[PDB]
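What follows is a single chain, given as structure tokens, in the form deposited in one PDB entry.
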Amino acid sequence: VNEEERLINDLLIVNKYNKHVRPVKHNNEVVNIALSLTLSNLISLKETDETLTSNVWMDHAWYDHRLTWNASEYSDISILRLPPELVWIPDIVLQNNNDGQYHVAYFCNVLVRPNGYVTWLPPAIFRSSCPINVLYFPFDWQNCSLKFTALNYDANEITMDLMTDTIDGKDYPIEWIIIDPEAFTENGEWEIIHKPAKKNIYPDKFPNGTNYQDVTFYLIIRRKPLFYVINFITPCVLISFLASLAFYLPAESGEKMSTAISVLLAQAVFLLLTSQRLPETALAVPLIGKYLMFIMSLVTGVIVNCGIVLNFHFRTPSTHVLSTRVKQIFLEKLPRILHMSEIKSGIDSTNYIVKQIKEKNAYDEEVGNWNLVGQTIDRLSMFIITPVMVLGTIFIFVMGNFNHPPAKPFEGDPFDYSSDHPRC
């Protein structure tokens, strides 16, 4: 018959294997819980909820002096399998999580070897809390982390370490997140750049407390901004170019104000859209948000200038008198600077008609000078506003594109935490 039944019975029922007891011969000893992580795929980093949903394969490894047997005494059984409900397991609990799901999601069988070495690989779905730095959104990189703390025991009872492999006869500790290239697919919006793994010890807390030890896995992920470039950045900058060209419309048509108004409305609509994609945190304004505010205040100034030009275009002689200084500056110096290109009743009635024609012609010349003033201030406003906004947009987007995570994950550490360069 099967030889595993007698061995499992001997290990558990005959030996009185208590599940709720640490696997140590003495109480003063410690249990070394080797730990590792394997990211199957990054599901989504929901910005609005500040939640990182990941599908990981937690890897535990410890020693149990009760789970040992002689291989030759049981017909050469090299390995064993046991469900978690029957063996002592360290409850490594994800401390930071937005939902109530603290534990792993499956509780798969553990594997026990005759030397006592026990490995456990339960898959899990963890929705951790990631404080999102929105400073350079959308050309931004995050620093989401997972904090694994053993809350059931203190650091004087178990010590959490990092699992070590053997390469060329020397042990190299796995200080990174294990990713199998064949079994992992890149997320549709996020790309992993750095995946450091660290063990933190807090000296200001006592060892007998439950907060003395900590194992943290970091995921420095960079957003691929292609979708936002296609759908948000490009339409916004192209619509802002219409605000730039609004000065090219003439004052004669009743469209000078309408195009600027419609461009401002489009900018406000994009502001309405982008308000629903980023958290309401007040640490800093997003890059796209502050660019939107800059271009919106600029197009508000554009509309103010359009109103000023429209006022100066319709200034009749009956309501305003053309000042001499304006007649100099906005008509002579600026255009050359900017390179802008019973017969008594009959004769009395004829004289009156000619006088009225002369008055109408003088009125027309005065309003023509006003129109030229409007065109000149319009050209100056264009040459002031369009280059400053083009330079502003280029500057802010170059600053966004140059925002890259540093080569070293930690600034005070020459180590790079790369799977291809292990140390020690």
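All residue numbers are counted from 1 along the displayed sequence. Between two forms, the rigid core is the largest collection of C-alphas that superpose within 1.5 Å.
Form deposited in another entry: not shown, discussed below.
Check: Rigid core as reference, CA moved 2 Å or more between this form and the one not shown - which of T234, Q101, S258, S323?
Finding: That would be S323.
Item checked: Rigid core superposition, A284 Cα moves 2 angstroms or more between this form and the one not shown -> No, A284 moves less than 2 Å.
Checklist line | Core-superposed C-alpha of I79 shifting 2 Å or more between this form and the one not shown | finding: Comparing the forms between this form and the one not shown, which are aligned on their rigid core, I79 does not shift its C-alpha by 2 Å or more.
Item checked: Rigid core fit then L151 CA moved by 2 Å or more between this form and the one not shown -> Comparing the forms between this form and the one not shown, which are aligned on their rigid core, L151 does not shift its C-alpha by 2 Å or more.
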